[PDB]
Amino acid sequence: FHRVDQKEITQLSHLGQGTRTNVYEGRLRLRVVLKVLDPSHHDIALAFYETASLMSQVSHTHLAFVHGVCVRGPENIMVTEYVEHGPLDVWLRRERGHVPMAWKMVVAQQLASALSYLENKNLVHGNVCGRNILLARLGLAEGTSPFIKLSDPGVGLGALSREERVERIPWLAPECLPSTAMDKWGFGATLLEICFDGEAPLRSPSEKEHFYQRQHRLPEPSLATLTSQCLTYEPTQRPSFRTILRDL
């Protein structure tokens, strides 16, 4: 990744919070987003640097760009693409009941394309969810289509606590509660979330953890065969993104 000096960035309005991060609008000597990691253990900063490294080595129409990393005292900052309309989950809840199925199918295909690209390079995202899908274009006007960018996955899944992994249910693959196969589950859970206008299935941390421990399966979408195949507890039985992209 590219090293960004603190003199090259300007921190503006708070946008929201991610896992161990605060996300702000900013300027780069370009409008950007600044993902400020909390003062953290070296294992967490390393998992954050691994994400910056992964996203700086890939290039895809539907993957958000990473400008680089800035170290500002105890704060690690990932300088990433400012995407015009922000997260898909927020937008879906605001537009609940007025998002057509054809619009949702375009998003699913664009997301499956980004994930097929990663799968072919044997790279894991590990945080596929509506919150990490950003809208560059809304596709509300006649003759237009939405355009998504899959955000960086933030602090790597391998560095998170059990409590943080439970907070990720239902996007978290069940085998991760105690491989590219995990993104097939994240993809399936994101299709449910999109189908339900940003209302993902599953509640308290104990109820979510009990759901996976008891091997219960997620609700069917209101995409039924595809979610049923992606959301299986057997990782090797999940279809490839080549097959998913064909089935879509």
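We call the rigid core the largest set of C-alpha positions that still match within 1.5 Å between the two forms. Numbers follow the displayed sequence, beginning with 1.
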Item to complete: Could you tell me which of the two stretches, 205-213 or 66-74, has its Cα atoms lying farther from the shown structure in 9 other deposited structures of this protein after fitting on the rigid core?
Response: 66-74
Worksheet item: How much of the deposited sequence is absent from the coordinates between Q57 and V58: none, 1 to 3, 4 to 9, or 10 or more residues?
Response: none
Discussion item. Gap size between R29 and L30, counting deposited residues with no coordinates: none, 1 to 3, 4 to 9, or 10 or more?
Written reply: 10 or more
Item to complete: Identify the stretch, either 118-126 or 143-151, whose C-alpha atoms have the larger mean B-factor according to the entry.
Response: 118-126
Practice prompt. Compare the mean C-alpha B-factor of 208-216 with that of 39-47 as given in the PDB entry, and name the stretch with the higher value.
Written response: 208-216
Item to complete: State the tercile, meaning the lowest, middle or highest third, of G97 with respect to the CA B-factors recorded for its chain.
Response: middle
Practice prompt. Determine, from the deposited record, the chain-internal third of the Cα B-factor for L63: lowest, middle or highest.
Written response: lowest
Practice prompt. Looking at the entry's B-factor column for C-alpha atoms only, identify whether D89 ranks in the lowest, middle or highest third of its chain.
Written response: lowest
Worksheet item: Lowest, middle or highest third: where is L177 by C-alpha B factor in its chain?
Response: highest
Worksheet entry | Ranked C-alpha temperature factor of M105 among modelled chain residues, by third | middle
